[PDB]
Structure formats: structure tokens, C-alpha cells
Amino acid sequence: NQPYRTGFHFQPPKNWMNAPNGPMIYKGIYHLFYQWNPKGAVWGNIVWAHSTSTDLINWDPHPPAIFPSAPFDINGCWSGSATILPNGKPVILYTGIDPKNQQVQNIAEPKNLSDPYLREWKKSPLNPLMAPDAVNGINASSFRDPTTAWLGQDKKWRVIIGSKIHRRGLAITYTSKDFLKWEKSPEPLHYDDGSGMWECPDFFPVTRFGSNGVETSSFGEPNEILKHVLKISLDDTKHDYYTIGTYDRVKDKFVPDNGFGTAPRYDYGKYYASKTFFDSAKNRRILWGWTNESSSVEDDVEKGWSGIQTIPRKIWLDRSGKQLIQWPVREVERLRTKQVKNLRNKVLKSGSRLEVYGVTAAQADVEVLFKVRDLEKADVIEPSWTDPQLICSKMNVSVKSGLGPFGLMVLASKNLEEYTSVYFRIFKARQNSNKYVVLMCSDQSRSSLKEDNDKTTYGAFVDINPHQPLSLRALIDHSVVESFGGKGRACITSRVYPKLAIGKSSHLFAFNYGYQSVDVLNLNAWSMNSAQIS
């Protein structure tokens, strides 16, 4: 039996999964490739497994598309991206491991451009198109994950590749006139000292005002204003960070509008190796993200699988322009049951809980609107409290604040032996203005009776005004919780493995352990139907 397998998240029928690869749309069909281990449930024998969808929620399997077959990828087929050439033709740039264990860059073309499921791919004999050597002096063990490519004003292709010199992470830029002969730019698009290896770089334009995505190559009209995003996966910290900034076409350099570190993450919990693509069908940019297991490696081997992708999110620039907003693709809403469980104008007094009934609690979508009564009852933040994760760590739900904790017990046992808390605290900011600080925590210290699991607590700040009602959403899916505070302004994914709170035996609460009572304006819980995934 498989109590931890998800009913509506992407995962292979079995075995190991990590980074999402080459996502794209071709002929109105969504593709996902992914790092897969056909043999075991740990990392190894890494191939590009392949699935397709018409809605990003339901996925049909297909045989691996890119696996070791030539000198340029004999030892493995690591991450990479698909670019759509201006004639509609899709191509994949990916890292291969050559016979000398060097990380080289390889191209793949589809074999039959009339196959709408793009089943089979052909690799040029001219690969590697891009390799470390003695001239360029690139570290051969640190030259991976090409991005989607963007065509410049000079009709010349750009692509970046994640790397590092010493402790210096950088994005090595390559330019091409024809997409077959790539020459290394003398200059990195960007670099940061003391960061370490830059994995899974991503680089895409985003609109200054609007929710709609931007074609990756689009130019910044004097009448339509664009900003650029650079996303990196830091091998050392194991997190994804982005920075908003201007792309100087002349220099070919990314300049983050400081400050901009102190850098934002897409997701403040378990989330890594993320990658975007342009959904040309609906003009949105979609973000894919890998959430690995928090269980022991011992358990992965026993259950026979490891790793899932989050629900893919629509991503756009917030009005302030200081951060990105994410929100689960609207298609996942189709999985909702018809009978919505609703609760209005309820009062959660100090130390109270309110069970949501009549919803499959291990497989649900839930949205709360909290409202605080009197902001002047908020504790002033301690001057030293600047790391949101450490704040949530020290003050568990048992520690009372003026305002908070209030939020949700999810994947909870009847008598709360096991529960995962996704909650808020409100503070008054340490400055002359009447600014407030909203804290969002994902607490999984008491999420499972088995101690073996990674019970690390996650935290994020939310840029919303608590004069307004506080918004919280949670997608609950057996062993994964995806929490969104402030309508997508703060995202936290976590992985919990309850011993008691399983399937029919799991419950859903809204709670409040603050000193002050808070109002639940509105709460909606939908049971979530299963998806058709390989």
C-alpha cells in the first residue's frame, strides 16, 4: 500500500525523480521531460523520461526521449531546456557526461516534426556544441544546465550555462548566429562571489504591469515596459533564488536593480531545480519545481520511488515590482469536487480549533480568509529577528503572540497527535511609520510520529497589508502540502509522512493560539479528485 503517493501531483509510476527537463508547448501540446532513474529509487542512470498533457494536470507516458548513446552523453543525460525556433520547430539543449566525465552541452532535434507527442529525438553528431577546454579554462565538473535560448536584436542567439570558477558562481553566456556554432562570450551575464555552483539557471522577460507571460525573446518597447528575471539553483544551500533587473543588450549583461542578498526565493520550503517555459497557447509563464523527499533514503528504497513535481504555477511580476507572484495553474481547479464545504463568519477565540468536515482531508484544496480585529494588539518585532525561518523555528504553535499563530492544521490526526501547521503571526515593524510584518510558517515538527523524517520548519515574510483580510491557500496531497499566503506572494512547499493521519483518517482544522481572537471571514474546502498521471 502507498499512503504517501500523491493523487494529483506529477510523479512517475515508480522510482527516482529530480529536475524537470525541457518543458514546452508544441502544436497545442504540453511536454514535460524529467531526470529519471529507470533502475532504482536513488539518483543514478539518469535519463529524460517523457510525458504529455493537454491541461498540465493529466499526463500520458511515453518512452524515455534522451538517454546515453554517444560519446557526448555516454555517462549521463543531465538537465536542459527546450527552445522554440521562430519557425515553430522545438529544440533541446542539454548537458551530457562525456567518456572523460566532463560536462558538455548537447543539442537534440525531434525525429518526426509531425509527431505531436514528439516521441523520438535525434542528436547531432557535431555534439558537444559546447564543452570545457584548455582555451576557455571552464571547470569540467561545473558546466551544466543550459537555458532556453533568446534571439537578440543583432539576430544572434544567446544562452547561459550554470557554472563556477572557485566560490564564484556565474552564468556563462554563449552566442550563436545559426544555433550550431556557439562561441563563449568573454563576459558572464552575471556572477556572485561566494555563492558556489549555479545550477538550473533560468532567464526570461516579464511584464511590468499585467499577469500575462512574455515571449522569451520579446523586446522592450518604448511603449511596453519589461523587466528581466535571473533564476539560479544554489548547489550549496539547496534553494532557488531569483532577482529582478534590467537586461543590457549592448554589454550583454544582467544588472539586478539593487537591492538585490537578501535574495527572494520562489518557494520558502522544499523546492529545487525549478524551470519556466512560455505557454504560447494562453500567454502565461509556467514554473515547474522539484520537491524531493523529506523521508529517509531507507524509506524511499522501500516504497520504491522518490521525488515529485509541485503543481505548475503561473508566474508574473507583482505591482510593486519587488517580487514575483506564483499561483497554481487554474486547470488544477478542475479536479475540485462539486460539493464545496464552506464556512463563513466564524470566530476562532484564543486557543481554539474548528474542524472542517465532509472533505477528503488528505487530498484537498482549501482557502481561508482571516481578518484581524485590532492591529495595535500586535507585538513589536524583536530587533534581531530578520530570518523568517529561524523565527518559526524558535516559536512553535505553542508560543503565543499578540496576533497569531492562526492558520490551518492539515494532515492532522483525530486527536492532534500528528498535524502540520500552516499559519501567520503579525508584528509591528521597528520603524517610524505604522508598517506591519506578516509572518508565514510551515511547521512540520509534529507532522509525523516517525522521527526519521526531515521535520525542518519553513518560514517566509509576506508583503501584504494586515488591515486587509489575510489570505491563505493550501493544496493537500497525502505527503505534500503547498501553502500560499497573500494570494501567491509567499509560497511554501513541505513534505510530511504521517503515521496516523492517512487517507480517511486525516483531518483539517483552522486554528488560533494567539492572545486575540481572529475572524474566519470565509473558508472553502474542496475534495480533490485524482489525476490521470503515468
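Residue indices: 1-based, along the sequence shown.
In this entry, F260 is separated from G261 by 1 to 3 residues of the deposited sequence that have no coordinates. Mean C-alpha B-factor is higher over 133-141 than over the other stretch, the pair under comparison being 133-141 and 272-280. When the mean C-alpha temperature factors of 303-311 and 337-345 are read from the deposited coordinates, 337-345 comes out higher. In the PDB entry, the Cα temperature factor peaks, among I286, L113, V462, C200, at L113. Note on the listed residues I325, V332, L416, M440: the highest Cα temperature factor in the record is that of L416. Remark: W290 belongs to the lowest third of its chain, ranked by C-alpha B-factor as recorded. Annotation for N522: CA B-factor lies in the middle third of the chain's modelled residues. When the modelled residues of the chain are ordered by their C-alpha B factor, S505 lands in the highest third. Placement of the Cα temperature factor of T216 within the chain: highest third of the modelled residues, per the deposited record. Sorting the modelled residues of the chain by their CA temperature factor places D73 in the middle third.
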